[PDB]
Each structure stands twice: as C-alpha cells, then as structure tokens.
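Worksheet: one structure, shown below.
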Amino acid sequence: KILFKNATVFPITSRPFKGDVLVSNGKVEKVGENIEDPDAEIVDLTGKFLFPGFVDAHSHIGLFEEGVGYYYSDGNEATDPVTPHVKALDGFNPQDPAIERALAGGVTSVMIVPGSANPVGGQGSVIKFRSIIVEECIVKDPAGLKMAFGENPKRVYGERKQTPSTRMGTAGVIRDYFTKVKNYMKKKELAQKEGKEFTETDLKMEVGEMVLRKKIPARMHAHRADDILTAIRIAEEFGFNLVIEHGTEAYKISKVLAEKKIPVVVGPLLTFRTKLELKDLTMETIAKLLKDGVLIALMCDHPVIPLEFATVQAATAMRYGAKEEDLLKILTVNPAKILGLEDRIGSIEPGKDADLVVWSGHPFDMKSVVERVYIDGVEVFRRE
Amino acid sequence: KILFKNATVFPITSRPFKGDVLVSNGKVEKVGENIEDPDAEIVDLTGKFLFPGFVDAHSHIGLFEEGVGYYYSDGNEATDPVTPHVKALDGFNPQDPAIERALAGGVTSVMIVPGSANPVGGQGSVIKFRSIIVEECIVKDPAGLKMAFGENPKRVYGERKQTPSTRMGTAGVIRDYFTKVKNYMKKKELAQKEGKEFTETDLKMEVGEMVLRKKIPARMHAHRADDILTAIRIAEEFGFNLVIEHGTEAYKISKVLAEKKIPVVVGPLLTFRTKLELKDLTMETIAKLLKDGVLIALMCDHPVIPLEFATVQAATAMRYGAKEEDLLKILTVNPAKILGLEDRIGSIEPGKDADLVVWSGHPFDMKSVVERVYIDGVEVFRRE
Amino acid sequence: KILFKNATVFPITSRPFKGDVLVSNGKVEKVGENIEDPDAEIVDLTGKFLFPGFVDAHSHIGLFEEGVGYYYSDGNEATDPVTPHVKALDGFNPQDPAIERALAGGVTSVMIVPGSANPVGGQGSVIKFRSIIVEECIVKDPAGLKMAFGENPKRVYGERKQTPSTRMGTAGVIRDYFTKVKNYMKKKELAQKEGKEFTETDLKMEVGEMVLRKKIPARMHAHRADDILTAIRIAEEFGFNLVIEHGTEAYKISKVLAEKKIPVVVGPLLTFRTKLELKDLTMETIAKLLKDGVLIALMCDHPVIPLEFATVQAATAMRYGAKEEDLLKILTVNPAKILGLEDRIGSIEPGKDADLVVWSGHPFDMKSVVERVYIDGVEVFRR
C-alpha cells in the first residue's frame, strides 16, 4: 500500500489540486486533499507533480527496435496486401531500448500496431510497459485490425508490380476481403445449423469476422480527405466500427466526422511533410478538431517521433492554438476512451489502474523530468 | 430563388433567345421571354450568355491529380487485366486543382472512369463538381463497366509477359470473363431452384452480372475499326448494352453503328496521333458521324486534353466541317442521353437540374469567359 | 532607419536587458537603455522579446522540397562516391514551403549542404531567407566541402556493388581523392613556372585545392567515435581544416576535440535512433561537450527535424542538463563562429547584420510565437 503525499496532483478528469493519492491492490484507492493510513508506505511528493501515465493510441515501439537499423523492423509484413492474421504482439520486443526511454517520457500504455504498408495489415494490441514478458504486458488483445489507404499501400504493392497500385485497387482489395469474410460467416452458420463441424477454419477470415461482428474496430490509416471518406464508406458498407489513424486532412471534413462520432488519432504532427498527402499537415488540427466536437487522441507514431518526446510534441501545439487542459486530455483520457479502456487508465480516480508518473514540474515545461513511474502500483522506473 | 434576367439564353433543346430563367429548389423552374418574381434574387445578365453546364461523358479528372506527376495517378490498376471490381470513385480526389479549372471552362458534370490499360478496367460514376465530399458529388454510381481493346491492353500486359499480348488474347480475356459471369449467374439460379443459400458471392462477378442484366452499359475503348467491331461482337454474343469510347475509326463503319444505334463518345481530337491505331484520327469524324445519324458525344479524355479547354476543342472542329449547333449538342444533350441522364442535365428546361454557366459571350468565341457557374442552383464558381 | 523600443533584448554576447535597438543600413547601429532618433520609424516592442535570428550550421532545406515526396529530393548525387564539384546552391528551391515555416520558427541563416550518401558529396553555401532568387540569398559561397563517413556511404555504394562497401574503402576513396588533388596542384605549379598556360582544369580538383589551401573547411559527417577520429586523421594527413557534422559519439572523445579545437555541429538530437551508429545518441551530449570545452552548434539536420522546430529541440535539452544561456549560444553565436561569420550574424551588437526576430515570449517557452522577422533590416515575415 502506497500513500503519495503533498503532490500537485493532476487527475485530468478533475481540476488539479495540492493533495494526496492512496494506492492499493494495483489501483487508485483514494484521491483527496488529505489522506491518512498508518500502514501505507509514504512517498513524500512535496514540490512534485503527479500525473496519470500517458497513453499512446497508435505506436510501433518494440516492433521497430531502436539503435539497430531499418533492416530489422518487424512492423510491416509487406509481402501480401492482406495480412489480418498477423499480430503486432508477435513482433513486439519488450527489451527494445525505446521502452525505458518512453517510461522516462511519462508514457505507460500504448496500442502496438502494424504499419501502413498493407491495405489490411494485421492486429494491434494494447499493452503496458510492465514486464519483459509480453503476455504479462497485455491489456487488450486483439485491440483492432489495422488497415491503410493513400500513398503507402499503393507505393509498396506498385513497386512489387502487384495489386494494388492505385487508390481504386486499395479500396477493391479491402472490399474483396470483407466480401469473402461474409461468405465465410454464411458457411459457418450453415454448418452450425446442419449440426456439422466446420472444417474450413481460416485465420484471415476469423479476424475479419471479429470486425464484422464489432468485437474490435478497424484502425484505418488515412491522410488525404478523400482517403478518410473512402475508409468511412467501406466501414459503413460492411457495418463495422472504425477509428481514423493520422487523419491529416480530417479538419477539412470535421463536421462529418463529428456528426458520425468517428474518433481520430492525430499525429504525427511535430514532423516533416515527407509526402504529397502530408502537404496540408498542421498542428492547428488539434484546436480545429476539438472546436468541431471530434474525439481525438495524439500519437507520436513511434518511431516517426520518439515516444519519449510525447510531451514535447503535445506542448509545442500551444504555439498553434491548443490549450494545456485539452493537450493533457488527448494524451490520457481521450486515447483511453478511443481504446475502450476509460474505466481503467488515463486518469487519477478511485477504482482505476495505478499508472502514475512523478514529474519534477509540469510535463509541458521542458525543465521538468520524470522521477518515478508506477504501473499497476509497481514502481517500474526511477530516475538516475 | 434565383431569377436570371436578360441573357441570351441557350436552352439547346430550342433556339437561343433573349430572355430569363427562374431557378428554385435546385431546378430550372421557368424559362422564357419575361419572367417576374418580386421575391427571387435578381441576377442581371445583360450582355451575357446563359448555357447549361457542359457534360463530359468520359474523364479521368480527379484520378490523375494535376500538378503532381504521372507516378501519383490513380486511373489504371494495371496489375491484373481483369479488375471490374475497382471503382473510379475510390480514386477520385475532389480537391484536384483541375476541377476548379474545369468549372472555369463551363464543365459541371462528368463520367469518371478507369483508363484503358486493362481489358476489363473497373467502374465509372457520373458526378458533378459540387462538393469536396465525393459522396455528395455522386449522380449515378455505378454508371458503366470500362473495357479496353487495341494497342493499350496488349502493350501493358505484353510488357508484363502476361496474357493478353495480342488482340486475340484481349478478346479472349473479356470473353472468358463473361463466360464466368454466366456461370456465376447459373450457380445462383441453381442454388435458388434447389432451395439452397448462395455462399459464393464474388465482387468481380457481381459487376459482370449488372452488365449482363443491362443495369449498366459496357464502356468500351476502341480505336481501329476492327477493334470497334470486336467490341460489338462480344456485346452481342453476351447480350449487353455498349457505348464505344473514342471510336477513332468509327467513320469508316458509321452505317453499321447508326443501324445498331451504337453511341460513340468521340475524342480526344485536339491531340497528337501518338499511336499507330490513331493514324487516321480526324476532326472531320464529328461531321461524318452526325451525317450518318450516329449518336455522339465529345470528350477531352482529360487529362489528354484539359477539361478547362472543352470549348476550345469543340470550337476548333468548326475548321473541319462541324456546325456550332451540333457542337453544343455533343457537349450537352447527347452526353446526357448517353449517360442515361437526359431528364436531369444537358439543357435549360423546366424540371431539369439548375446547372447553369454565365459566359461573357459565345463559348466558341476564344474571347469569351465563364463568369459564374451554378450546379443544382448553387453558385460554385465566380470569375475573380 | 528603424527603432525597436522597449523589448526584452537578448544580445547573446551579453545579458538580456529591457531596452532599445536601432537599425540603419541593414545593420545594428545602436543597442542600449534609452535610444532616440528623429528619423527612425518607431516599432513598440513592449511585452515582446527581441532575439538575433537563429543560425543552423547544417541543413538540407530547399534541397528536399516539403510536401512533395522523397523522389524529388535534390540533396544527394548518389551516383558517384566523389562529387565535390556539385553545389547545394544548384538544387536549392527558395520557394520550398519549409522556408516560410523556418522563418516562423525564428531561423534566418543556414548552411545548405549535400547529404551523407557520398564519401565526397559537394559544396555547401551559407544563405539567408531573404529572396526567391538564390543569388540574392547568398552570404558565403562556397562555404565548405561535404564529406561522409560511417554507415551511409558504405550502404549507398555497397548496394550499388561499388567502392566503397566498407569503412576501409570510404577512407580510401577520400585519401585517393586528395592524393589526386595534390598531383593537380603540382601540375599547375609546373605550368606556372614554365611558359605554358594550364590546360587541364578540372572542376572536381579545383574544389579539392580550395580545401587543401584552407580557403574552406571540410564538413565531415561522422557518428561513431572511430569515424570521427578517422576524419581527423585524414584532415591532419592532408593539412586541411574541418568541422565534424553530427558527431554523435563526440562525447566519448571530447578531450581530444577540445585539445585540437575541432568544432562539432551536434544534432539531430530530437530524433529516433534509426541506425546502429546512432545507438548511443544522447541529448546529454550538449552538456558534456560544453563542460569539456568543445565549440559546438546545434542543427535540426532539416528535414530530419523541421527547421521550424529548431527552438523545440533546443528547449528540450534542458531536460538533459543543458542551460538556457548555452542553448541560445549554440543557435546563434556558435554556429556563426563555425561558419566564419561571427563578424556578421549571431548577436545583437553594433556593426552586425540586422537579422532580428520579435518573439511574443521566451523562445524556449512553447506558448511563445514569432511575430516578426527582419533580415538585413528588411521585414521578411509577419504573423
């Protein structure tokens, strides 16, 4: 049992205050101005700040090992445009040196996900940085089915002289995949009602079926406004849930996204516009999408921006009209909600996971450093 | 409600005249000599010319983005000779800067369609330039199945060392495809007869069936006269509707086309004869086909010729025996008819869509400019 | 004549103070407590911060156009491991949309340079963002000869099945180039003291000659400690001046660089360690190298980090032991010195160029914005 004393506490779902946080059984037990417990180990946080761990809703950390070279990346199975059966989990390296660096940047939970080479790329999972054993890191698995639109999938397969080489082809590949999923489901239901054992189980079809049954969302990479809309059209044609990844030009169509309640994981933003489809990338997108009532989270898209610099990217958005309150939300409670985990992470409230970061100062002040990180109430990082 | 006053009105379906057009609920409500409405907003067109929007029955605008480079084109899924399932709609960029230029050239509606790389290319859609959301632009979707004959498909697959590399092979690929569609339809009918559920739905086959059921026409690219006749033989063999795209050598066989009432979308004509199959291209084809009573429309085949210059290409045919009246019809009522949209677009008549272009003088006078464009009664363009 | 009044002025070469700056003839005329001038246009900077323009000593802005695609990059002539004759100047697009963004980040002067594909890559130039005509932007041309060691050159030519595919080969290519330069110089002096006019002028050799005569430094890309030492060994062998680019592991050998007075343009630092040779990259490098007395500047290596975010990267190093005073120096006075331009840019002093930026608050505060930018006393940007 741990009693944190006298911090400036930032619960996020409530206003900041000077006070105390009691942790037991891996959870936040009590939050408030004054707390006593004669049997709790007391950690004196006088002059420090206490935040929830930051949550990155889209990351390739562990998949693209740091300090080693591009050749070793495990993040894109770019040998087949339709790889839903592969799992980011099976490529995740919990000893990647990026992970300790991310903890030193205050980040505790991420959605690990394949990249954007494939129209259908594979399964993502939500993990916490709590163990070198990936199975102990699992919060939610599978968490989503990654898909991709725009320049990346058509570049990769165009180079292979293979379908898709155009945006039309990318959409066709995905539509063709789900058409087959539906056939597969009908065959399953036919077997079940004939009381016969299904003998045609198919790993790729099974994952498709999960999406169609809304067990997990599609996680749809799209930058240019028309690619975002195409992703939405396909989701609606097949009746599945979606999240837009990046959504670089989401601001151009923010009214539609707001009305439909499609969430957007924006970012990477503190970065060069390397592609044509990125030409209209802007940090103003945060203020713009918030103003129009779209639910957003902010990603580093690690390795594009190192996860350790999540607070650096967030803070910088203050130069482009974003407010601190909101900036904290898109790193905490918003990504948690987008990942279906708002009852567990992203804020300091009784009953939620004790994922807590002790900062020397406000996290958006570049003088501030991470002193301690706790995940489920277990210290996993200490500065020095 | 909008009242256009004192224009030289060109309804196309009747002779031009000095008068007025009243617009309400997106439609042409009244057209005649003296319209009065004290509630309508009055737009004074003294000294101006009022036309319907031009209609290009075959375009790749929005698929091949302007000012960007060939490599980014979305118009040809050239990785498989049979791609009926892909849609031009899914590669169409409503922010393509060619579109604002097409409006400045008086063009308001087009058929967007895949290119001619593939024996079976994918689906077209009729759209208007009314929004940045492609779903709001849709008039008719799907509108046709694009197919291709002659040098282009055999070159593309010939380079790939893949069937088809000859005209024989090209016809074979298409005939094979439709044989498969009939088989697919036979299986559905056999399933129904047997009281069994059908579980072999196939996206590629479904589009074929729409064609065989005459829900949509084949839009068949053919230049050389023998290629045009092969297209017709296949259409007749399988009992589907067709339109001929380009029909460069249609004039050599115009009596057959007129008898069978095969429409031809001629063009591009204001263009270099880049290929052997284009050696006999001639702007005289307009006068020739119209003389023999073939239904024709004129395309720019954008981007071969920019859509902004549709009136330029048309005006230029006056050097080769085509009359002004007819030239206007092949940009308005004829393409509207060929697209199955003659009761919505192509003319200024009560009940039709209020797609209207204010010109400074006659569109075939190289001094004339577009001052305003309305689509469905909404201003979408105004000269600076 | 322009008189900026009542900003918090940051001269860099002395403490910040509340006061005035007077500009005439493209230059800083006066800096002080209370300045009057009847002919000066008054610009009231109450509540504002006045800084020199930041200077990035190593950039590929304009060479790698933003918003367009890697395919259009003009930054690496990766078809020949020895291209000293090419000029970053000849691939620079003054209309790159990154440039207006760099101004909005308070950066006014950069050295444009080829990348690190080639053991010998081509010539750098110092420019200012003052014009859409590159010739009017030129401050110093040529400013340096770019060379590269470590993984990049051996990867590029290795993939081409061409020398160099190893570190041994990269060093061999450069040594061989300068051996040829020396021969060239001897042939010129043989012609010089005969009757004959020299008939074997060679662009590639001419540039090499400038380096050996110490007219311009070698600008040497190196990350791993041994690569930095190899670069120094070659410079000493042929007697030329050098600057280390990146110098990722410079901190491991800082006493030597200090002793030999080798400057280091550190960075990119706010970035992922994409390579084996970047495994020990650390923002702690700034504090370490300063402690040990190495002259350093900080680069974004744009586009690796956008130049607009130059202050973001610098501010972030305070999280790794670096102090604000030093962080401003490595963005202003130190890069000016490394470029041989400390008489002209990098600080607010009488006689220096009027490259000045009006900030809404301190540049290391993420809420602060660039309101105005002057280059040579002409306003080139307004928020």
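List of remarks:
- Filtered residue count, segment C:108-140, keeping only those that are surrounded by fewer than 24 Cβ atoms within 10 Å (Cβ to Cβ), in contact with a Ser or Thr (Cβ under 8 Å, 6 or more places away or on another chain) and under 21 Å from C:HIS85 (Cβ atoms): 2
- Residue identified as under 14 Å from the mean Cα position of the chain (by Cα) and farther than 30 Å from A:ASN76 by Cβ among A:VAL265, A:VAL333: A:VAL333
- C:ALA310 more than 10 Å from chain A (Cβ to nearest Cβ) and surrounded by 23 or more Cβ atoms within 10 Å (Cβ to Cβ): yes
- Residue in segment B:317-329 that is within 20 Å of B:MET366 (Cβ to Cβ), out of contact with any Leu (no Cβ under 9 Å at 6 or more places or on another chain) and among the hydrophobic types (A, V, I, L, M, F, W, C) present: yes
- C:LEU50 being more than 23 Å from C:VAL156 (Cα to Cα) and either in contact with a strand residue (DSSP E or B) (Cβ under 7 Å, 6 or more places away or on another chain) or basic (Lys, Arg) (or both): yes
- Of all residues in segment A:358-380 being among the hydrophobic types (A, V, I, L, M, F, W, C) and over 25 Å from C:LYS323 (Cβ atoms), the one that is nearest to the other protein chains (Cβ to nearest Cβ): A:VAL373
- Hits in segment B:34-78 - residues which are touching a residue at least 40 places away in the same chain (Cβ under 8 Å), within 30 Å of A:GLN162 (Cα to Cα) and not in a strand (DSSP E or B): B:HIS60, B:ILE61, B:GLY62, B:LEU63, B:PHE64, B:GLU66, B:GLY75, B:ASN76, B:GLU77, B:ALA78
- Taking the criterion of being buried (at least 20 other Cβ atoms within 10 Å of the Cβ) and of a type in the set (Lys, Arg), no residue of segment A:18-47 qualifies.
- Among residues of segment A:38-78, those that are assigned by CATH to the domain that holds A:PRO363, farther than 22 Å from A:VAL380 by Cα and among the polar types (S, T, N, Q), counted: 0
- Figure legend. Inter-residue proximity from segment B:91-114: first residues closer than 25 Å to A:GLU249 by Cα, second residues outside any loop (DSSP other than H, G, I, E, B) and of a type in the set (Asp, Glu), beta-carbon distance below 6 Å, spacing 6+ or different chains. Indicated pairs: B:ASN93/A:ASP226; B:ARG101/B:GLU308; B:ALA102/B:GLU308.
- Extreme residue, farthest from B:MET299 (Cα to Cα), among residues of segment B:48-66 that are surrounded by fewer than 24 Cβ atoms within 10 Å (Cβ to Cβ) and aromatic (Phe, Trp, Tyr): B:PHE49
- Selection count where residues are within 24 Å of C:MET283 (Cα to Cα) and among the hydrophobic types (A, V, I, L, M, F, W, C), scope segment A:84-109: 6
- Some residue of segment B:341-357 being surrounded by 24 or more Cβ atoms within 10 Å (Cβ to Cβ) and within 15 Å of the chain's Cα centre (by Cα): yes
- Enumeration of residues in segment A:239-253 that are touching a strand residue (DSSP E or B) at 6+ places or on another chain (Cβ under 9 Å) and more than 9 Å from every other protein chain (Cβ to nearest Cβ): A:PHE240, A:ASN241, A:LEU242, A:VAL243, A:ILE244, A:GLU245, A:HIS246, A:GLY247, A:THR248, A:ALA250
- Filter pass, C:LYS329 being closer than 15 Å to C:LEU50 by Cβ and either assigned by CATH to the domain that holds C:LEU242 or touching a residue at least 40 places away in the same chain (Cβ under 8 Å) (or both): no
- Some residue of segment C:327-349 being more than 14 Å from chain A (Cβ to nearest Cβ), assigned to a strand (DSSP E or B) and of a type in the set (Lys, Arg): no
- Failed item, numbered, when A:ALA287 is tested on (1) surrounded by 21 or more Cβ atoms within 10 Å (Cβ to Cβ); (2) among the aliphatic types (A, V, I, L, M); (3) within 14 Å of chain C (Cβ to nearest Cβ): (1)
- Cβ pairs under 7 Å, 6+ apart, first in segment C:1-20 and without any contact (Cβ under 8 Å) to a residue 40 or more places away in the chain and assigned to a strand (DSSP E or B), second surrounded by fewer than 16 Cβ atoms within 10 Å (Cβ to Cβ) and of a type outside the set (S, T, N, Q): C:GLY19/C:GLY32; C:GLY19/C:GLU33; C:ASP20/C:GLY32
- With respect to being in contact with a helix residue (DSSP H, G or I) (Cβ under 7 Å, 6 or more places away or on another chain) and not basic (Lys, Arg), A:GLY115 falls outside the description.
- Positions within segment C:67-86 being in contact with an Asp or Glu (Cβ under 6 Å, 6 or more places away or on another chain) and either surrounded by fewer than 18 Cβ atoms within 10 Å (Cβ to Cβ) or within 14 Å of chain A (Cβ to nearest Cβ) (or both), in sequence order: C:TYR72
- Annotation note: Cβ proximity below 7 Å between a residue of segment B:150-178 that is in contact (Cβ under 8 Å) with a residue 40 or more places away in the chain and a residue that is in a helix (DSSP H, G or I) and of a type in the set (D, E, K, R) (sequence gap 6+ or interchain) occurs for B:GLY150/B:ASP227; B:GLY150/B:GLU277; B:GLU151/B:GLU277; B:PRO164/B:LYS154; B:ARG167/B:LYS154; B:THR170/B:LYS154.
- Just one of the numbered conditions (1) buried (at least 19 other Cβ atoms within 10 Å of the Cβ); (2) more than 10 Å from every other protein chain (Cβ to nearest Cβ) is not true of A:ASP226: (2).
- Selected residue (criterion: farthest from C:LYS279 (Cα to Cα)) from residues of segment C:207-218 that are surrounded by fewer than 22 Cβ atoms within 10 Å (Cβ to Cβ) and in contact (Cβ under 8 Å) with a residue 40 or more places away in the chain: C:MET210
For neighbour counting, all protein chains shown are included, and Cβ atoms are generated from backbone atoms with ideal geometry for every residue, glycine included. The values are calculated or read from the model by the stated rules, or taken from the named source; no laboratory instrument gave them.
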